[PDB]
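Just so it is clear, A, B, C, D, E, F, G, H and I label the chains in written order, and each chain counts residues from 1 on its own.
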Amino acid sequence: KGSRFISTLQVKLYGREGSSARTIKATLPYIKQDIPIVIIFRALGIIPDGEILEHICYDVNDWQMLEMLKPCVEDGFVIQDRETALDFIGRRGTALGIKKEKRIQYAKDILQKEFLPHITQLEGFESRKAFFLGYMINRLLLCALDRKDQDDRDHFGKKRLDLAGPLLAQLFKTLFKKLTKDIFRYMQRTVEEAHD
Amino acid sequence: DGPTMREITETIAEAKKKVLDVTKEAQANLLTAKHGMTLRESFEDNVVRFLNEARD
Amino acid sequence: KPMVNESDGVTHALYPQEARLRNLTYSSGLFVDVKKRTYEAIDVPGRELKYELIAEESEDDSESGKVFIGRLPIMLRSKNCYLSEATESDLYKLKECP
Amino acid sequence: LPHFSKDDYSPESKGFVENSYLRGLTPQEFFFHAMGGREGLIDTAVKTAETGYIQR
Amino acid sequence: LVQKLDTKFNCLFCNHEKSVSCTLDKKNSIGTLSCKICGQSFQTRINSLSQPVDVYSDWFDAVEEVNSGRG
Amino acid sequence: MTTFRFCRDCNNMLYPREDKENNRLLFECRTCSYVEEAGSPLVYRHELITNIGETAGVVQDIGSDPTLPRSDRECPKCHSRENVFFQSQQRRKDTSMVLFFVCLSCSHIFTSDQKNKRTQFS
Amino acid sequence: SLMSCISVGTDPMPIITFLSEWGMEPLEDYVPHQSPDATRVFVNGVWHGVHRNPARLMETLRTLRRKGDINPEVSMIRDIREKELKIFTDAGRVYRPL
Amino acid sequence: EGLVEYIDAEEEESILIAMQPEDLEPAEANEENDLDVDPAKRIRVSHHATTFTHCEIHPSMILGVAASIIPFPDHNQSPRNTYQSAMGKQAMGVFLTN
Amino acid sequence: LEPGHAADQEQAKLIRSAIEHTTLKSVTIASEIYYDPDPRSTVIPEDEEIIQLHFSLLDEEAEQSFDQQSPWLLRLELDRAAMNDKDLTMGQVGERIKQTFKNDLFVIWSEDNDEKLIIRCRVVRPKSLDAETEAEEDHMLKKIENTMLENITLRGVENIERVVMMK
């Protein structure tokens, strides 16, 4: 729509089949380090286990994917409450300036306005983004299980061309932002800038 | 001339038939993977060799 | 529409041929409307000054008027170009190539 | 190519060019030959500078 | 498995941006936030996911809950 | 998860705390008190050479796919001369080029392999 | 290429309303183990719900596009094997006439 | 009218295109024997499928502006075609009437 | 090859076998951990014949003790075709495991002719399992499986992959 909220989201699988591939962690915007998937799911409102597995794996008979997910739950068992997960994420975020609520507000802001921005401005994010993150992890595991091949960059359908329209659009967005900031500077500087 | 064009066409058709027979063998799982190569690489090697022989 | 403001202060409709010959950018002005809502100081001791609603009560909006943001360069034959609607008999009348 | 059914390993569907240059190329053979030519051109462009660096 | 680290968190009764230490015994899942200037300790639990940043910040939350210092 | 195992009153995940005195394998939610006895000796299976996912994606209307190729192989249990076939859907390099078929009137999967049957009954 | 064209973009809201009116169950009411065979309909990479009868929905969408009710540039893909229905309406997509 | 499409690279993965309208005739699918065995024509692969969804408007529309002025580009080899496409922009000629 | 063995064929194959690196992971189909408190028998009829084969051989040995007996079964099912290709028998793999697990893993063998190439293993923990199949932590068995499938060089030279004999 114009803000573009450009912030890459990455879900990573660690080690290897005989190594830290056991666990899965994700990177959030404006967060110091990555976090395991299960803590994020609990922060989004999916408290019980299984339900998180409902979101991630769409077929219980697919026992291999749940085997791969085992260590994620074995690592997330520590956190059990939504506010606890939000505290964890916010605390990992940055310095503990918000001592009162333990950075709950910061984590809420990040997970509402910067986590998967192409869905935002909606308290239903709790469920929508949770489902989309489950889809992300499902794709990751499917690739890791050799069910599907590695995604190809060269596919011409995965690319877009910025013709005169979008290029002038971003350029003019920057210039108009500069102009509005200058107008605001004149407002703040000059009392009764209204007429001037 | 015409006769050599027909001979070339027969050569290419024989190569195509050999490639088809190899494909049928591979799809029936009867093909034996060449040592040092899995089934797919052996099949591709055989097909490319046949086509190159046909061109030559 | 595309225009040029001469050094003499007289604005004149600009066409691509003159733009190319005179080294003038082919562009058209950007005019926008700017609402001007003024909330005069309320000077109401108490929580009223803590409420911006009381400032809203002091609302006094004046005329906006078209404000000249700048000039947007315009590509030729675009909907705003002078040549977009020109026919063949006009394309070479303006010394432009059909 | 979107003109072939999925999972096709036939010679015509994977780059083989039956025809000659005198006889012509069908659109698919034309595109595959363009693929090969592009590979060759990229290789030449890379060598143009890599070999010079080795020389120096 | 014993971790002690100094970081950028301030020194409260002791006014220094870098003077905050700690100890972390992961065998018993116990540790304490150690103040190299204001001193004594801040004993509490440890979690398997408790990184030293998490140690410091969560235990600082507990400090405000108790209105104590950073060690 | 080779089976289903979740606390009935917490939906959390159970893990194998064997009961030493009874010599029985027992499961109980770590964060709850519900207790459940193991119903099968299997607790772990790591499959290296897999025969799973070869035919993944067969749906009620795979026949409607225009891109997939079609043949005339006779359905073994239907004798229908129409079907749509494809190769194994797992992307392991060493996978064989065996074909899988699908009877358009039966939803029955038959393979071209001369030594093994469909994935579900190989 | 000669006949190639680049999409300029369209508002997805009308298409989302079309999808909702045509039986697209929202995510909030989605449960994987009650409709395991349901597809995943979505527009511009935003998972918008699930449809249990993808064939009929795809036929309707194609008919609407060919009738003009949907801007022809709007690209829709059905992945029969992966149980996903995709739609794209943003700009920058290079398409061709057939 | 529903006679042509706008197929994107992402959508063209799910379709099956015919190279030319002749690929659709039932004769090619069924009539394996014919007297048109002119040995001077390209060897064209026979009719392979029957689930076509679209048909190419025409080959040779896969070429660009500089390539589509080459006579018989399918009798050359690709490097020659690329060289010609590069060197056609240097040919002297009338770039405009004005 | 040496001058006296170059002209021949099977000796070249023997050199190939001596050089080529091969591990259990290259011949194992799947590895499963099973619950089975019984140290001498099993609740699984499938492995009953194999246990009986070694029941008269292993369980009949002098100085029987349960210190090497655990209620957990680390059942590995190998690939007959792969073992035949590598000229491997249950023997070789068994004594390699023993070398890596001299007395830390009681290992049972399946008859080569059996269609189920099974390596029935139990955890070893003296002073706790001496007269009981105490429930050893499964993570111990998982680590043991990792060591078997990664750190066990059945035969060959380390860092020497497929060896291609040619003339």
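Here is the rule we go by: a contact is a pair of C-beta atoms (placed from the backbone, for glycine too) under 8 Å apart; a residue touches a chain by one contact, two chains touch by 3 or more.
S.K.: How many hops, at fewest, get you from chain G to chain I via touching chains?
M.R.: Each step joins two touching chains, and the minimum needed here is 2.
S.K.: Please state whether D-H or A-H has more C-beta contact pairs across its interface.
M.R.: D-H
S.K.: Average the C-alpha coordinates of each chain, average all protein C-alpha coordinates together, and give the chain whose average is closest to the overall one.
M.R.: So the chain nearest the centre of the shown protein is A.
S.K.: Find the chain most remote from chain I, comparing centres computed as mean CA coordinates.
M.R.: C
S.K.: Hey, how far is the Cα centre of chain D from the one of chain I, in Å?
M.R.: Result: the chain centres lie 50 Å from each other.
S.K.: Report, in whole Å, the distance between the mean C-alpha point of chain A and the mean C-alpha point of chain I.
M.R.: The answer is 46 Å.
S.K.: Spell out, as numbers or ranges, the residues of chain H touching 2 or more other chains.
M.R.: Residues 8-17, 43, 49, 56, 62.
S.K.: Listing for chain D: what residues touch at least two other chains?
M.R.: 5, 9, 18 - these are the residues of chain D that touch more than one other chain.
S.K.: Of all the residues in chain F, which ones touch at least 2 other chains?
M.R.: Residues 45-47, 56, 67, 69-70, 89, 97 of chain F touch two or more partner chains.
S.K.: Name the touching chain pairs, would you?
M.R.: A-C, A-E, A-F, A-G, A-H, A-I, B-D, B-F, B-H, B-I, C-H, D-F, D-H, F-G, F-H, F-I, G-H
S.K.: Residues of chain A touching chain I in their complex?
M.R.: 18
S.K.: In the complex, go through chain D and note every residue touching chain F.
M.R.: Going through chain D, the ones touching chain F are 5-9.
S.K.: Quick one: in the complex, what on chain C touches chain A?
M.R.: Those residues of chain C that touch chain A are 36, 38, 69-70, 72, 75.
S.K.: Of all residues in chain E, which touch chain A in the complex?
M.R.: Residue list for chain E touching chain A: 8-9, 47-49, 51, 53-54, 56-58, 60-61, 64.
S.K.: State the interface residues of chain F toward chain I in the complex, per the touch definition above.
M.R.: By the definition above, chain F touches chain I via 16, 18-20, 23, 25, 38, 41-49.
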